[PDB]
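Engineer: Enclosed are the sequence and the experimentally obtained structure.
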Amino acid sequence: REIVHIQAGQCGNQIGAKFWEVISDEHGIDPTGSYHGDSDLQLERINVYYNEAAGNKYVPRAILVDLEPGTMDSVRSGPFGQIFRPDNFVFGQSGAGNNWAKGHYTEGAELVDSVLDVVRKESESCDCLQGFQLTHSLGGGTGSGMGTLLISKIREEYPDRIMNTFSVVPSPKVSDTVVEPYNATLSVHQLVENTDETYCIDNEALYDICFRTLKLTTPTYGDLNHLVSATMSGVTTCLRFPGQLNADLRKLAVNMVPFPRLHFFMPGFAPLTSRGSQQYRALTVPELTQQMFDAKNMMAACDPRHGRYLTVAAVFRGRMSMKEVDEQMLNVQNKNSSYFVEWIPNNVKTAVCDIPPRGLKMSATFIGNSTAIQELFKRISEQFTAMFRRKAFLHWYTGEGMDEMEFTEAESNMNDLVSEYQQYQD
Amino acid sequence: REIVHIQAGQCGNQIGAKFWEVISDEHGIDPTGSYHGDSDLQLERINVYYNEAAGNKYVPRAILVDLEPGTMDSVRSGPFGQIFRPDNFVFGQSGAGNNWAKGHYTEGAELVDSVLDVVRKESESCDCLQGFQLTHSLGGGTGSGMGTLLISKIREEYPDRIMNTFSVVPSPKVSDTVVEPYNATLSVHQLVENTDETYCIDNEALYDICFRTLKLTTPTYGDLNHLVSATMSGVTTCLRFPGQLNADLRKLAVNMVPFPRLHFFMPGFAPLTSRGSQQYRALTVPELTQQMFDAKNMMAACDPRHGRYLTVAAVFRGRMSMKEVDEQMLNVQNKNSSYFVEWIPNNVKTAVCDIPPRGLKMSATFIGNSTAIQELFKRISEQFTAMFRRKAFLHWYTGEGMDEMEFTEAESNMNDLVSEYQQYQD
Amino acid sequence: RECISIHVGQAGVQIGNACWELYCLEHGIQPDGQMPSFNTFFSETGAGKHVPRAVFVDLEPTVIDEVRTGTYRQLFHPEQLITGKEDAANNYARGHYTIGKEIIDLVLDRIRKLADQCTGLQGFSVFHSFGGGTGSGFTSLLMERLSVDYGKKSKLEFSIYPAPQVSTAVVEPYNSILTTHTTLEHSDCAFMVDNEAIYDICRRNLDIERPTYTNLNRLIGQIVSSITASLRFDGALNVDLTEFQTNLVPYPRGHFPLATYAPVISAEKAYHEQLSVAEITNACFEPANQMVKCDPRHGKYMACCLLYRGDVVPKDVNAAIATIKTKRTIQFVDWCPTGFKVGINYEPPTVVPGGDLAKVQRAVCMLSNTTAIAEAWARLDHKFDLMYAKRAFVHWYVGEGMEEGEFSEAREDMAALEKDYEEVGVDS
Amino acid sequence: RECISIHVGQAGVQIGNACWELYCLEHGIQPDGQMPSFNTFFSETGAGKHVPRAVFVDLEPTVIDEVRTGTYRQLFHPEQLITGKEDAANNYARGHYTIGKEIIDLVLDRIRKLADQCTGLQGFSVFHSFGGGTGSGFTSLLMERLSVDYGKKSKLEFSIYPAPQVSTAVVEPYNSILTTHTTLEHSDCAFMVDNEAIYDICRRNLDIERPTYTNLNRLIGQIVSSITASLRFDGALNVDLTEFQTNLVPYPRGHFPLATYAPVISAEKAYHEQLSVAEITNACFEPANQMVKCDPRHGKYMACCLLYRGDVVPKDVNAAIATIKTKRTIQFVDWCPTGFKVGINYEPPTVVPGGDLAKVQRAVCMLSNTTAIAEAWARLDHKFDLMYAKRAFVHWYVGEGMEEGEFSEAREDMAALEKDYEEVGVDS
Ligand SMILES: Nc1nc2c(ncn2[C@@H]2O[C@H](COP(=O)(O)OP(=O)(O)OP(=O)(O)O)[C@@H](O)[C@H]2O)c(=O)[nH]1
Ligand SMILES: Nc1nc2c(ncn2[C@@H]2O[C@H](COP(=O)(O)OP(=O)(O)OP(=O)(O)O)[C@@H](O)[C@H]2O)c(=O)[nH]1
Ligand SMILES: Nc1nc2c(ncn2[C@@H]2O[C@H](COP(=O)(O)OP(=O)(O)O)[C@@H](O)[C@H]2O)c(=O)[nH]1
Ligand SMILES: Nc1nc2c(ncn2[C@@H]2O[C@H](COP(=O)(O)OP(=O)(O)O)[C@@H](O)[C@H]2O)c(=O)[nH]1
Ligand SMILES: [Mg+2]
Ligand SMILES: [Mg+2]
């Protein structure tokens, strides 16, 4: 029944800053820590993410990890940085510098032991864990590097808990680190087989949505990470709150994974349009389904109609009829039958929660597992190869002891995921 | 039913300065000597540590001993130095200089006769003594040197009373006297077989706790000796006040000593965390047990999970359920079964008092007897040997007549305690 | 003369919620149990509170908590409300084995406690769904034990039939195939309905294009009450549950009678229209009111039972039967003469305040065993096959200890079942 | 028709506190002794104050002082409140010998004084714990004298059974082994309960996850009152304490009947549920209400006594017995026919104001002697053995004059006792 969340890397720490904000919004918990809500449900299932400390203080069940105090400090300095206890800030001193080898292989490795100890302390604080969630970037040093290391140890300690992670996937246009594909390649090599599932977030796609449908001209990462948190929070609240359908994360995982190795997801979100049009929108189930199916409302820079859909999850929040939902999902399946895989009859699955997100009447979360995902892997693998041949920045990595044959195997493994998507693309 | 306490050495005198302060806090006794409390219990069992003198004056049943008036004077000059009667200040003139030989063997020996006379006067003032307690440093001249001498005579006079002592154990990093291990070695040689039990306090560990969990950047010895007094006062109050379990010091001694010679203890204390986190802490029995088990909350620079646990005492103060306590102790035993000794079934014992320490809702005192203790002896013995071969400062000691073969036997005896811990470490 | 209801899974419990609400509506039972006035289902306290003899099982706290926080929380005894912490995950492997098998002993002991409270246990019935983890997994586990202890008692099951078009459970075929294997052999009779078909009923007869499960289960509750409340109440032909079994199950396999219910009419549709017994029964043989999407005209009938509420005169019934026997296109299997069970209760049909169905003065429930059911199995056969051929999702069962051979076997058992339908279709 | 209660040790006294509180609750006795209204336990003064005929012994002032400062300090006669200054230290060697042996003469003379106040001493019972210094040490010392002076009077002992998992006394095995040796041979019957098992009762039947000893002793008090207050009060079958002994002790060894008590129900659990005599007795044979952690199904029964409070009709009891004899899995030893003592008091069950248990209209206490007790001894055997093989803590006894041979001997006596259970298990 409970979940532990660990954030890492500057990305992960800033995403989590919005995530937790939202969760407390959902439950009426003040930036200082106490509960000042107003709904029974708000406290009722609070356990999944909060420990109530003496005084009616709620402690977010999460660990903030970094290798630079300053980022942690900036998190702590805002509202909701006060709700986190000092003991959840685990950090070192001297960066990682966006270096996998430092993060995973060497220096960051050193910190992980202290992180894990706190993890253990929290695992004991829970009655019964459902699972763990981690937030991070695929091409980052602590985000992926150190984060991955941690994941391998947590999974080891808890094989029976859900291990998932959401991660920022290097967008085709904006890479920061020259070896960002290298770090990503290494994380695939480690993560894929050490996780139950991973979500693919593309900032470029997010920037398109924010202007494309939301028509906004000023977003920052906090605004885009709001959208990220909308999908993350969407998933777990249902599990928390009363609904109609089947509201268990593990069951979601079961329904979305047809094969042990292909567990990559494309998140999307509805409704998600500018205020101008809000006066011209109608709120129906087909309306949400139109926004959910549309590739432009995906947060991943993929194109599901290019690939084939293996699995689709449609999560609904708010009062909807069962009939309408059933029929519209069927219609989707029918009309987009050319994209769905024939091996899975009725490949579109649903989940229904009766609690709407604060401020909306209804909402829906799109989760997909298509073959289209392989295109991201292909882009990375290719870029990787070029760098691999030149050893760009690999003296930094090999200087910290990372061996090229390990990287070679990592490359293969990327290619293996692509070939397996092809194996089920048919 | 009553206890007599004797403080010696600059350490012992300053520790006692805090100890007695606390005891009077516990009972609402003013720094000037009269009782101004407000609870029935506060006077009810006052007898164990105070004599009520005419006028509703309470006299602490303790003797302050030193060989320099100035330290005694500084004690006397503060609050609670006025509560002690002049007759409890027994001191000479000219130091000891941190010299065992002077303290024990020669000069300090001279003073001991006057000390003992006062001891006798107090033993008569009591109705029925439970025991005696002494506070001192293991590597000090009057602390250990003279103090030990006194102990051997008190034990002689009262075989049937509890003889215990708390002592500062030379920390690995901060020794003051070059022959501090020598003095300590000699005190083992004398003390171990002339005491019922001794507690091992490491200042280094204490300085780590004060910054590690308490996050303090200004402590002095008075702040660390506060922590010491917390454990000392924790033990005797239960004996004094109504509880649930078994509140007798002798019974504690019985439960903690499996073998005539291995009676060394590792004190620890809970709750013991900074104010920041106090807004994020929950007060439960498992919470206290988490703090109690954790080696970092030990006041001894040992590591109980390195050695094996022979005996564990868990003393609780405040209202707790019996069930919860029983279950959590069981859980501890279960989860840390790899550290406990298999010869003793259910090696974790409890004691429960219903009176919380002033200002807290609950608290717990950890007392352990592990094999890990032997590591301290090993460090000392080794250092000793080196010095022994060179006779460093032994001209001071041999100049006062201390013979090297006595020291040789002392060395053996240290090694004997280690071998016996090995004999029961298995 | 007593019986036990068992509600497993959300579907089982939420349907049960409607069912017990209806029983309260049948007698004026207050949420606290106070009844001012059916002790076959209820156990009486000295306060005049009655306890519904039923067990609620959910391995996830939430749904039972929904009960615990609703009005009927006062009605149910805390021991009747059994909950675990974790789910089956849509998966027989955990529902029947790994997870549910841990709690079942408790569950059984509560059942046994109630069995000891019964003085004349007639039997029991289990509410669940063919696709879910607890809905079908745990359910069959229970049957495995109940059929030992209560071997001679009624073992009637009611389950939601997986909709051919919409299903939220990707491994539902696998779950249902495993249940076939284990339920066929243990249960006495299993009934089922299709929520998709029901939606069509709601939109055509009730004129509602927004059905939720809370509507859908009211309709189910109607059907159930006809066979549970009114069969214990007075009538002309008072039919028991054991009698139902004795009149509905023709072979030792299972059989699976499907529900049909007419009247299902909106208030406005009731106006301007006069139903007779015969007219209602005419509606009962129409595909349009068939509660499972399976064509009545496709198969042949083997069994049929008609149960009557309110203003029904046997005289009219007899005439109605004559016409359904001779007028209709109802083909039937040789084996059977048309001995259709007629239950006739004087007990009037009841309607849920704030519901969709119109107040009716008479009502007819129909149970029927048709050979068209094999097509339902055919649906499952291919769905299973597709997944199983690719071995999609197989690791979610294998990791819990399931065997691939077992799955093949279960399919084969289904195939055998289909073959037996084939057999029955061959007239003889 | 009189009896004496003896409270030794904290456990003995704190349980006693609950016991005498309950007796006050039974008759409306004021803290000062004023009773407006049971003279078998109490001695009357001209003021209408009654004195509970009991002796309180503690070698440490504190617990008796707790009595002396509480409300019942007015109830108890100052001479009944006996205290020493120092403790036994968890240690028989001091409790029985070195320390307790000094005060015992006083204690005995107060007992004798009360024995002289008795006109028809039926007997007495001693409350203590198997592991403590005074709890078991001093206790056996007392028995050594009481069995001489009162050889023909009831010598019933009640003791806390050492929890297998939690014990605060490291030498408890040693203490308990020594007591076996000395109590077996002197006492008539010793009863015991397990606080761990009780915790499970509190959390499952009372729904309380925070039991303290002050809760735990209320439950014990219930059991005790059933056999102490209500056996002196009116009923159908008025059973005496001597009768208890005469109906519970089958052999001249001891025997150790264990307690079971049903009803133990929270107020909310009482709602919506109707207990009958038979249903309560069904609960009495469930492991779940067993007050000692020892499995009833493991051993075989030798004795069983059922004592009834309140609304019990022998008619129903008879039926209940028939079913427990024939329905259950209760295996019993050949030697015994099922002559189970039925005590039937009209006296209703009582509840402590502010307690956890629900007001009940009827109640049943069960005493039972099962062969599974040897496993309890086996537990002690190894715990003792481990310590004794290493000779851990041995100096704490040796220094008081104990002999190692003696300890071996005591173990052997326990082994013999286990062997006799083995013997009984062999049916014949
Ligand atoms: N008629 C009806 N069908 C329902 C209801 N709830 C769920 N169902 C159907 O039953 C199936 C859903 O089963 P789940 O809710 O996923 O699972 P479960 O059987 O409760 O057990 P778990 O998988 O372990 O959660 C689907 O086919 C739903 O369409 C309900 O209230 N009424
Ligand atoms: N049920 C119950 N058990 C108790 C109570 N007090 C103590 N015990 C149990 O009895 C044993 C404790 O005995 P102690 O309190 O240590 O000792 P004592 O028997 O009073 O005598 P001394 O050792 O000399 O103090 C443990 O096994 C406790 O769990 C109580 O109030 N109720
Ligand atoms: N959505 C999103 N992406 C971020 C944020 N911060 C850094 N990123 C992305 O993360 C990658 C850089 O990795 P970084 O987080 O600096 O690594 P690390 O800090 O060394 O672990 C780039 O692709 C960025 O676009 C953020 O707050 N939100
Ligand atoms: N905790 C603690 N240690 C002390 C205090 N004073 C001296 N010590 C320790 O005692 C040792 C020195 O012995 P000292 O007390 O000067 O000996 P003496 O005064 O000649 O008997 C060093 O290890 C110090 O750290 C004190 O007030 N508190
Ligand atoms: Mg469910
Ligand atoms: Mg005691």
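Structural biologist: The structure has been received and is ready for your questions. Numbering: from 1, shown residues only, chains lettered A, B, ... in the order given. Ligands and ions are numbered 1, 2, ... in the order given.
Engineer: List the buried residues in the longest helix along chain A.
Structural biologist: For chain A, the longest helix by residue count, based on DSSP state H, is helix A:404-425. Buried residues in helix A:404-425, counted by 16 or more other Cβ atoms under 10 Å in any protein chain shown: A:407, A:410-411, A:413-414, A:416-418, A:420-421, A:424-425. Quick note: C-beta positions are derived from backbone N, CA and C, even for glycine.
Engineer: Equivalent analysis for stretch C:242-250, please.
Structural biologist: Buried residues in stretch C:242-250, counted by 16+ other Cβ under 10 Å: C:243-245, C:247-250.
Engineer: Just the residues contacting the longest helix of chain A, thanks.
Structural biologist: The contact list for helix A:404-425, computed with Cβ atoms under 8 Å, 6 or more residues apart in numbering or on different chains, reads A:182, A:185-186, A:188-189, A:192, A:258-259, A:261-262, A:264, A:307-308, A:310, A:341, A:343, A:371, A:373-374, A:377-378, A:380-381, A:384-385, A:388, A:391, A:394, A:398, C:390.
Engineer: Just those residues: which are in helices?
Structural biologist: Secondary structure from DSSP H places A:182, A:185-186, A:188-189, A:374, A:377-378, A:380-381, A:384-385, A:388, A:394, A:398, C:390 of the contacts of helix A:404-425 in helices.
Engineer: Mark which of the residues you listed are buried, thanks.
Structural biologist: A:182, A:185-186, A:188-189, A:374, A:377, A:380-381, A:384, A:388, A:394, C:390.
Engineer: From residue A:307, how far out is residue A:341?
Structural biologist: 10 Å (Cβ to Cβ, to the nearest Å).
Engineer: ok, residue C:292 - contacts?
Structural biologist: Contacts of residue C:292 by Cβ under 8 Å, 6+ apart are C:161, C:192-194, C:197, C:258-259, C:376.
Engineer: The same query, at a cut-off of 6 Å, please.
Structural biologist: Residues near residue C:292 by Cβ atoms under 6 Å, 6 or more residues apart in numbering or on different chains: C:161, C:193-194, C:197, C:258.
Engineer: the strands in chain C, which residues?
Structural biologist: According to DSSP state E, chain C carries its strands in the segments C:2-8, C:42-44, C:50-52, C:54-58, C:81-83, C:121-129, C:154-161, C:189-194, C:235-237, C:258-262, C:301-310, C:341-345, C:362-370.
Engineer: Tell me the bridge partners for residue C:58.
Structural biologist: Residues in a beta bridge with residue C:58, per DSSP bridges, are residue C:83.
Engineer: if we can go back for a sec, need the max-distance pair from the buried ones among the ones in helices among the contacts of helix A:404-425.
Structural biologist: A:394 and C:390 (40.0 Å; Cβ to Cβ).
Engineer: ok, now how distant is residue C:248 from residue C:200?
Structural biologist: 25 Å.
Engineer: Say whether chain A is contacted by stretch C:150-169.
Structural biologist: Yes: judged by Cβ under 6 Å from any Cβ of the partner chain, stretch C:150-169 comes into contact with chain A at C:165-168.
Engineer: which non-adjacent residue is nearest residue 321?
Structural biologist: Just going to use chain A. residue C:210 (4.1 Å; Cβ to Cβ, 6 or more residues apart in numbering or on different chains).
Engineer: other chain: chain C
Structural biologist: Nearest non-adjacent residue to residue C:321, counting by Cβ to Cβ, 6+ apart: residue C:340, 6.8 Å away.
Engineer: Who are the contact partners of residue A:320?
Structural biologist: By Cβ under 6 Å, 6+ apart, the contact set of residue A:320 is residue A:285.
Engineer: Would you check how far apart it and ligand 3 are?
Structural biologist: With distances taken as Cβ to the nearest ligand atom, to the nearest Å, residue A:320 is found 30 Å from ligand 3.
Engineer: Assign that residue to helix, strand or coil.
Structural biologist: Recorded secondary structure, residue A:320: coil (DSSP: H, G, I helix; E, B strand; the rest coil).
Engineer: Just among the residues of stretch C:150-169 next to chain A, which is most surrounded?
Structural biologist: residue C:168 (25 neighbours; other Cβ atoms under 10 Å in any protein chain shown).
Engineer: Tell me how far that one lies from ligand 3.
Structural biologist: 31 Å.
Engineer: residues contacting that residue?
Structural biologist: Contact partners of residue C:168, counting by Cβ under 6 Å, 6+ apart, are A:245, A:349-350.
Engineer: ok, and the closest non-adjacent residue to residue A:276?
Structural biologist: Excluding its sequence neighbours, the residue lying closest to residue A:276 (Cβ to Cβ, 6+ apart) is residue A:215, at 7.3 Å.
Engineer: Let me have the buried residues of stretch C:242-250 in CSV, extended by distance to chain A.
Structural biologist: Output for the buried residues of stretch C:242-250, formatted as CSV (distance: Cβ to the nearest Cβ, whole Å):
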residue, distance to chain A
C:243, 35
C:244, 30
C:245, 32
C:247, 34
C:248, 30
C:249, 31
C:250, 32
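Engineer: of all the residues you listed, which comes closest to ligand 2?
Structural biologist: Nearest to ligand 2 out of the buried residues of stretch C:242-250 is residue C:245 (Cβ to the nearest ligand atom; 53.5 Å).
Engineer: Looking at the stretch 1-150 of chain A, what residue ends up closest to chain D?
Structural biologist: In the stretch 1-150 of chain A, the residue that lies nearest chain D is residue A:127 (12.7 Å; Cβ to the nearest Cβ).
Engineer: before we move on, the earlier item: which of the buried residues of helix A:404-425 are close to ligand 3?
Structural biologist: With the criterion set as Cβ under 6 Å from any ligand atom, no member of those is near ligand 3.
Engineer: so what's residue A:367 closest to, chain neighbours aside?
Structural biologist: Excluding the flanking residues, the one nearest residue A:367 by Cβ to Cβ, 6+ apart is residue A:313, at 4.1 Å.
Engineer: C-alpha coordinates for the strand or helix carrying that neighbour, CSV please?
Structural biologist: In the assignment (DSSP states H and E), residue A:313 maps to strand A:309-317. Only the C-alpha atoms of strand A:309-317 are listed here, as CSV (Å, rounded to 0.1, in the frame of the first residue of the first chain):
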residue,chain,number,x,y,z
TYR,A,309,0.4,-0.1,-30.3
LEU,A,310,1.0,-2.9,-28.0
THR,A,311,-0.9,-1.6,-25.0
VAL,A,312,-3.0,1.3,-24.1
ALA,A,313,-4.2,2.5,-20.8
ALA,A,314,-6.8,5.1,-20.4
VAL,A,315,-7.2,6.4,-16.9
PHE,A,316,-10.1,8.6,-16.1
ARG,A,317,-10.7,11.1,-13.4
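Engineer: Check which helices and strands it sits against.
Structural biologist: In terms of contacts (3 or more Cβ pairs under 6 Å, 6 or more residues apart in numbering or on different chains; DSSP states H and E), strand A:309-317 is packed against strand A:348-353, strand A:363-370.
Engineer: rewinding a little: the residue nearest to residue A:367: how many residues sit nearby?
Structural biologist: 20.
Engineer: Just the terminal-to-terminal distance for stretch C:197-215.
Structural biologist: 13 Å (Cα to Cα, to the nearest Å).
Engineer: Next, the buried residues of it.
Structural biologist: Quick answer for stretch C:197-215 (16+ other Cβ under 10 Å): C:197-202, C:205-206, C:208, C:211-213, C:215.
Engineer: Test my guess that residue C:203 contacts residue C:215.
Structural biologist: No: at 11.0 Å, residue C:203 and residue C:215 do not qualify as touching, with contact defined as Cβ atoms under 6 Å.
Engineer: Roughly how far does whichever residue of the stretch 151-300 of chain A sits closest to ligand 1 sit from residue C:168?
Structural biologist: Closest contact between the stretch 151-300 of chain A and ligand 1, by Cβ to the nearest ligand atom, is at residue A:246 (3.6 Å). Distance, residue A:246 to residue C:168, using Cβ to Cβ: 6 Å.
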